[PDB]
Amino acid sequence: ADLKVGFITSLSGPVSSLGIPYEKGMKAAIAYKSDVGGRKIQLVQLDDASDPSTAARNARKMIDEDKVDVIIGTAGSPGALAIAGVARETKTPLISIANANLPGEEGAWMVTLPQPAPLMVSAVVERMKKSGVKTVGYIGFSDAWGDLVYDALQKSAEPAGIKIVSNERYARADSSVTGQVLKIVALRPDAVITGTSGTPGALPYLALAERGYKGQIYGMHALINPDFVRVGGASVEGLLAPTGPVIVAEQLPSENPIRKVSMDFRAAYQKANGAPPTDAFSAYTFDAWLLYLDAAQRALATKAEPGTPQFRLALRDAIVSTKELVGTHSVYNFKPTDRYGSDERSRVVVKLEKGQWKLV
């Protein structure tokens, strides 16, 4: 009989601008393949309105009523963590497409697809190494994302002998960052990296250029989007950042196995949505589908019947032991005790040139 899969994203509320791409990634996925071992897949979708309490109610309804075997996770981290808790309580695996870190047994029934920030930071620290960087200044948000980037910068740069000379912060809604950037320029670091996201992430770069900074400028994958690019304008020219390789698949060498899968994704996204994709979030949903397709195939070989707790366990067990699954964002290798499955193949460094991201 058929195979039921749950899909929760945000089509309303403050993370709809990510839940909409996520859904487009699900249409691509369906266009690429919609059966496992000859068995059609029935998708059960609900909208969490960017609300975590609603995401958890949605999950319970899919699990208790529709009897889905798995859920492919939602557009924000709060909602993803909410589903993760229902995932554990109901013994139903979750494939999270948002960066959700729930370590230990509490997260035994989830995996997290997006690359963890330290793996992304290490990529641009490696670029600093070959670029002659001996001093780096940091400026980032005064929240958990700013903290995480700076902590990963400490743990990656200091072992490699790069001195961090500034740790300035600012709030997301701040209009000015002049004071902080004045202190950074005075230290004359060889490079400045920021720990930011969205169009507020452009503020420090605009300040550095008005202040006349002629060093290298770095930033995170959260800055890879056309809105940041045009707000940054000339001030972000030459910006170095890590990215999941799908963004620049057409530039990848042929030995990079992510090029072929990324190209399959672009064609399937083209077929279902009418235009080629340019965002990272649709690609995460694709990878989640690829992971489910592969893990389902293996769980079906165990003779456990879909729609039963036993198959839910088989599917979880297959997901969290996946080996060498080539996706658009990573080559996924999962172990039961770790929520993440990305390694150094999960990211490349790009440079912003004439408004385009170029593989370095």
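Residue numbers here begin at 1 and follow the sequence given.
- The PDB entry reports B-factors from which the mean C-alpha value can be compared for 286-294 and 223-231; the larger average falls on 223-231.
- In this crystal structure, the stretch out of 206-214 and 125-133 whose C-alpha atoms carry the higher mean B factor is 206-214.
- Of the residues listed, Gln115, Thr199, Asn167, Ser254, the entry assigns the biggest Cα temperature factor to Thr199.
- Across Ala152, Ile83, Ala144, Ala272, the entry's maximum B-factor at the CA atom is seen for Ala144.
- For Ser96, the recorded CA temperature factor ranks within the middle third of the chain's modelled residues.
- Per-chain ranking of the deposited C-alpha B factor places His329 in the lowest third.
- The entry lists a Cα temperature factor for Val350 that places it in the lowest third of the chain's modelled residues.
- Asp69: CA B factor lies in the lowest third for its chain, per the PDB record.
- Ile63: CA B factor lies in the highest third for its chain, per the PDB record.
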